[PDB]
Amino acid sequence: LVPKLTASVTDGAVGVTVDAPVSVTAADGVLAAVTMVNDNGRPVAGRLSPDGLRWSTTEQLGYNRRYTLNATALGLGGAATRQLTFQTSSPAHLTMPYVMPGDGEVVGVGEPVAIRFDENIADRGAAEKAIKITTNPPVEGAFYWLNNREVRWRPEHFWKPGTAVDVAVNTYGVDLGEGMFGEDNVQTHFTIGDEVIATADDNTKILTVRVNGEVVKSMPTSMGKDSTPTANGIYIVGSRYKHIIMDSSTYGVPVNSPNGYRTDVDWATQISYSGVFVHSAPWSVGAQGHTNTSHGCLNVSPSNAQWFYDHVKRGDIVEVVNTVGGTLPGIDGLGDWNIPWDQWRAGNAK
């Protein structure tokens, strides 16, 4: 019985993807020698199994490299040697993924998994296939693309507090379309904290904060005036600022135009990419609880805005109801829950 060799690559292959290790296996014998070098002669790190049967690379293989693999097997039957050479994928472009929320964070019940690429993704299905989301307790979720670069994953309903979420973006070696390959892999983990839902009801002009179902704060508010109203819908809480300059040019609106503005405010909590915040508004305290005066943001008192800053976290929820506005776009960036579940579940990988 002459020993046989079985490699995970074929001699002469090209376009070999680097998303998996390269292996050599011996049958009816054992591996006496296995080496693999790149085109600069640099040895590739590997490991031989204690039983001598299975050898495998132990470091990532490179893009745009030619590798030469030599292997010898020995056995009572005799010996066998093979030499194999192959070339790995040569990307036309690289894209790097960025994942939110941050590793180890505790977030609110409305926080989606977010995978943002720094380039347009031509094969959204390949990107989705490369992303593994683990949930404990397990829950059904689905992917939906907000734009050509960023995909989101969430359940049908708000997360259950206490849920562990693990995200593995294994895009290295993956053809994401049109010669674009993943620049690296990413791996993050987060946990769902307490349920915090704040409701701004235009009929009362009160922003009511509920923690685990209990009213803990009631904030008089002034929202957008009729000509620049606050959109109804579900908003996800994002970033927090002790102070920030609100500049309309950020959104293509010249500061000196009718709806333009440039002002510094305190205690600002972001709730939409379109620039809606909860923030301190000393100048509208008389209107708070009575009339809408803003350009769309939720004006509250300095003390209530700081309380909001101190007690609300990324992924908590603000829901606005009964304004004269429309509904916040589902693809805003923090408007994901406004997409109906059936549409989100069906996705848009194309």
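All residue numbers are counted from 1 along the displayed sequence. Between two forms, the rigid core is defined as the largest C-alpha subset superposing within 1.5 Å.
- Greater C-alpha displacement in 7 other deposited structures of this protein (rigid core superposition, RMS over structures and residues), of 245 to 253 versus 128 to 136: 245 to 253.
- Relative to the shown model and aligned on the rigid core, the C-alphas in 7 other deposited structures of this protein deviate most, among 139 to 147 and 69 to 77, for 69 to 77.
- Mean CA B-factor, 153 to 161 versus 86 to 94: the higher value falls on 86 to 94.
- When the two stretches 48 to 56 and 321 to 329 are set side by side, the higher mean Cα temperature factor goes to 48 to 56.
- When the C-alpha B factors of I234, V237, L76, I131 are read from the deposited coordinates, the top value falls at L76.
- Per the PDB record, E178 has a higher Cα B-factor than any other of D194, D266, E111, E178.
- In the deposited entry, the Cα temperature factor of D226 sits in the top third of values across the chain's modelled residues.
- Looking at the C-alpha B-factors along this chain, the one for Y172 belongs to the middle third.
- Ranked by Cα temperature factor within the chain, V22 sits in the middle third according to the deposited record.
- Ranked against the other modelled residues of its chain, the C-alpha B-factor of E105 as given in the entry falls in the lowest third.
- Residue-level temperature factors show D118 in the middle third of its chain, judged at the C-alpha atom.
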